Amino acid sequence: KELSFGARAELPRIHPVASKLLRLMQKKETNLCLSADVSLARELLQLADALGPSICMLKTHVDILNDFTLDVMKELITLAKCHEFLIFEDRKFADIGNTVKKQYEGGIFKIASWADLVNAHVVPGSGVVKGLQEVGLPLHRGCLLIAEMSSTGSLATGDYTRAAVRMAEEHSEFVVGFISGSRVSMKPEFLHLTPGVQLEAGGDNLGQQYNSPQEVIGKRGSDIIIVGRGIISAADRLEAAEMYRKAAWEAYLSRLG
């Protein structure tokens, strides 16, 4: 039988980052992750402040910010703390373990210093997770494994998906869930976050495909929707975020009973 987000936050094997997330999802009645796909720091921060109460998570691509500085990420943290959401840097680490460790901790971005969550592809084998965890464990961070992809021609299917689930369930000290289209693990300790979400049917011109919040949270059993253009391209981004929040939240409630 299905547990609420609040009860899942208490599970024996829950990761502290997962528990923090699940608690604020329950408190705020939001399972929406804003994909803050903008190139300006000022727009990122204005969106984070205005939409903060509507979201459980803000997903970044800091490598697309034209004016990235670590001070921008300090300001983002201030907002994340005020409004209570996690920061997820969507870096898709996908190299050998020795390399990703440095990409996570170092360089200009110093991702591990400000990101609560990051994600990784499983294609390199479990060394990708072991390399990240060398940095992420001492910094009390979590990681999401990409088990499925929303794009046309995705190879993250079948045995590849199963390998991602196995990898997560064997690195549960650091891996807190999946990026996936559907529930892929039967262990309620793991989060499922689903991108490729819009209210209307369609896609983009570069292989992105959309499903609705009701479809992915209800029928497909995911936990959280990740929404970029469905919100960002709207004239009123706050009203769009509220539309997506209500859709995902109701879908969850109805699945729960």
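Residue indices: 1-based, along the sequence shown. For the two forms, the rigid core is made up of the largest set of C-alpha atoms that agree within 1.5 Å on superposition.
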| query | finding |
| --- | --- |
| Higher C-alpha RMS shift from the shown form in 5 other deposited structures of this protein - 140-148 or 96-104, rigid core fit | 96-104 |
| Stretch with the higher entry mean CA B-factor, where the candidates are 152-160 and 92-100 | 152-160 |
| Segment of higher mean CA temperature factor, 54-62 or 202-210 | 202-210 |
| Criterion, highest CA B-factor; candidates, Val122, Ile179, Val135, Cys143 | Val135 |
| Chain thirds of CA B-factor: placement of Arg13 | highest |
| CA B-factor ranking of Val197, expressed as a third of its chain | lowest |
| CA B-factor ranking of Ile108, expressed as a third of its chain | middle |
| Third of the chain, ranked by Cα B-factor, where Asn31 sits | lowest |
| Relative C-alpha B-factor of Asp223, binned into the chain's lowest, middle or highest third | lowest |
